[PDB]
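J.: Just the structure for this:
(chains A, B and C, ligands or ions: 6)
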Amino acid sequence: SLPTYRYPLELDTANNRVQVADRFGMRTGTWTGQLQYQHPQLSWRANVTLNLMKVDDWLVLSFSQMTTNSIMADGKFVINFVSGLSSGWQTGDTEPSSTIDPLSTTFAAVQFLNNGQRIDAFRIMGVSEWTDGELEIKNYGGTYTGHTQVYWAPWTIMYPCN
Amino acid sequence: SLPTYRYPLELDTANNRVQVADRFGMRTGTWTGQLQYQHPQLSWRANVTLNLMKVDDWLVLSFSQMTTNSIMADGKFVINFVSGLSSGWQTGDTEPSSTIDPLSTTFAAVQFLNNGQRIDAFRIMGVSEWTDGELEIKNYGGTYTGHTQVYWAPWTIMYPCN
Amino acid sequence: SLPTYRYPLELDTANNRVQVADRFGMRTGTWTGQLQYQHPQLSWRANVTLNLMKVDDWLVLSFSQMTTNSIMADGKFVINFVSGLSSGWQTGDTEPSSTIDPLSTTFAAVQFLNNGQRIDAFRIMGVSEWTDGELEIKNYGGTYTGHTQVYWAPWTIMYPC
Ligand SMILES: [Cl-]
Ligand SMILES: [Cl-]
Ligand SMILES: [Cl-]
Ligand SMILES: [Mg+2]
Ligand SMILES: [Mg+2]
Ligand SMILES: [Mg+2]
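T.: Numbers count the residues shown, from 1 in each chain, chains lettered A, B, ... in the order given. Ligands and ions are numbered 1, 2, ... in the order given. Here you go, the structure:
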């Protein structure tokens, strides 16, 4: 008896052809919410919109340029996927497929604004944890100087998500 | 009636076995051309050879070490895939599978040369656009100093390409 | 006559359903051994544990924070997968699927310790070669200062495997 096929595999009945679904290589969405920065001496919330892309067994988060308040030498960022996901996306779709820490690391290019001067620097960001829809991205450090505001260039980060 | 299979799925007729093609996990090539740097105050073309690799639904570009003329604080790099691709590759094979911007970001390690002195720095590069075979990689910034020449360490960048 | 299926494809006989194996999207392991640093003027070995993850046709190496001896402006790191792999993993499972150099590059955030002072900097790391179980990660450079010790923040690197 002929088998059925489980996603990403699918049967195209018009041509009687088994294939990998086109959505598997690319599924887009957006998340609109508040990016939370957390540190014992400083915490804030900034309104952001991220582009999302599921590519095979990976989830890619794409940040456009942003201006945020000042940050400490290290700290953590939290994205709450409980609300804000575009249609077709469920909170569970952002859950990592492993509990290894870090799952992924990337660098974000920033300018620290101090007085009137812009100081180019970097921030190392690690996907560290997911708990009931809340994704934790730890900022371990990077180059630092005293500042009043942060200009973040665009950046992407991805993690295994199946 | 028995179905047919669409790439990356294939039927190995010798053993009557359905499998994912071996080329899906790795398909190599090269691109030989001129890397274009663009900025309103400074533009140039540098002869380069890139190694390419299609890994699942991703395209990886691999740059070897290079020496280029000086650059501005920000600007853009253009790779014209209209010509220069090795055999088996078509221009269309480099097209991203989404219009999200940035699709991907990476850091390139550089040394800025300022008459004898080598100044270590970084450049953030973002895959930004593809138009009729021309790939645009924006350089948002990074650390900077006045210089006459740039020594680029090797780097890779990848983007969803299905 | 009905075909058979080669991994990652599999037939779930209970439901007569063809699927991609769940392990294909994620297979974990660990490697315990000595990370080797090599340079003509300075060489050392440091005891480390890495987390590994096979994700589709990629292998991800995940480093936790570490403190190592000093390093030169450039040099190379060698991970010997001949021993130390957790159960279910063979040395051959870490072999890259191409000889292109670099296969992948990433940045590691560090602090260079110069007797009391911590200097934030970066290191560019490239997956460069694999020879009989020995993976070579070249450190092309990055920002640098004279130092006595290195504090490395956690980092991941991956390559087609
Ligand atoms: Cl859900
Ligand atoms: Cl074409
Ligand atoms: Cl083996
Ligand atoms: Mg402030
Ligand atoms: Mg010049
Ligand atoms: Mg020492």
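
J.: Residue A:39 reaches residue A:73, doesn't it?
T.: No - applying CB atoms under 8 Å as the test, residue A:39 and residue A:73 come out as separate, 9.0 Å apart. C-betas here are computed from N, CA, C, even on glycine.

J.: Now do the contacts for the residue most central in space within chain A.
T.: Geometric centre of chain A, nearest residue: residue A:61, 3.6 Å, by CA atoms, centre = their mean. For residue A:61, the contacting residues are A:50-52, A:79, A:156-158, by CB atoms under 8 Å, 6 or more residues apart in numbering or on different chains.

J.: Repeat the analysis, applying 7 Å as the threshold.
T.: A:50, A:52, A:156-158 (CB atoms under 7 Å, 6 or more residues apart in numbering or on different chains).

J.: helix, strand or coil for the residue of chain A at minimum distance from ligand 1?
T.: In chain A, the residue that lies nearest ligand 1 is residue A:92 (3.2 Å; CB to the ion). Counting by DSSP: H, G, I helix; E, B strand; the rest coil, the backbone at residue A:92 sits in helix.

J.: now the contacts of residue A:61 as TSV including neighbour count?
T.: TSV is the format used below for the contacts of residue A:61 (neighbours: other CB atoms under 10 Å in any protein chain shown):
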residue	neighbour count
A:50	21
A:52	21
A:156	22
A:157	22
A:158	19
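
J.: what's the closest of these to chain B?
T.: Distance to chain B across the contacts of residue A:61 (CB to the nearest CB) is lowest for residue A:156, with 4.9 Å.

J.: Report the secondary structure element holding the closest one.
T.: strand A:155-160 (DSSP states H and E).

J.: Can you name the next helix or strand after the lengthiest strand in chain A?
T.: The longest strand of chain A (DSSP state E) is strand A:117-131. Where DSSP H and E defines the elements, the next helix or strand beyond strand A:117-131 is strand A:134-142.

J.: thinking again about what came up before, please enumerate residues in contact with the longest strand of chain A?
T.: Here strand A:117-131 has contacts from A:95-96, A:101-112, A:136-145, A:157, A:159, B:122, B:141-144, C:109, C:122, C:153-154, using CB under 7 Å, 6+ apart.

J.: just stretch A:68-75 next, same as before
T.: Residues contacting stretch A:68-75 (CB under 7 Å, 6+ apart): A:37-39, A:41-42, A:44, A:46, A:139-141, A:144, A:147-150, A:152.

J.: 10 Å instead?
T.: A:35, A:37-46, A:48, A:77, A:110, A:112-114, A:123-124, A:138-142, A:144, A:146-152, C:118, C:120, C:153 (CB atoms under 10 Å, 6 or more residues apart in numbering or on different chains).

J.: Quick one: buried ones out of those?
T.: With burial judged by 16 or more other CB atoms under 10 Å in any protein chain shown, the buried subset of those is A:35, A:37, A:46, A:48, A:77, A:110, A:112-113, A:123-124, A:138-142, A:144, A:147, A:150-152, C:120, C:153.

J.: Direction included, what does the strand holding residue A:156 pair up with?
T.: In the sheet, strand A:155-160 lines up against strand A:58-63 (antiparallel) (DSSP bridges).

J.: which residues does the closest residue to ligand 3 within chain A contact?
T.: Of all residues in chain A, residue A:100 sits closest to ligand 3, at 22.7 Å by CB to the ion. Residue A:100 makes contacts with A:127-128, A:159-160, C:26, C:28, C:30, C:50-53, C:60, C:62, C:64, C:156, as judged by CB under 10 Å, 6+ apart.

J.: go on, residue A:29?
T.: Counted by CB under 10 Å, 6+ apart, residue A:29 has contacts A:50-54, A:59, A:85-89, A:93-94, B:100.

J.: For residue A:109, list each beta-bridge partner.
T.: residue A:122.

J.: so it touches residue B:141, yeah?
T.: Yes - assessed by CB atoms under 10 Å, residue A:109 is found in contact with residue B:141 at 5.9 Å.

J.: Show me whatever sits in contact with both of these two.
T.: Shared contacts of residue A:109 and residue B:141, defined by CB under 10 Å, 6+ apart, are found at A:120, A:151, A:153, B:122-124.

J.: Kindly report the residues of chain A close to ligand 4.
T.: Residues of chain A lying close to ligand 4 by CB under 5 Å from the ion are A:69-70, A:148.
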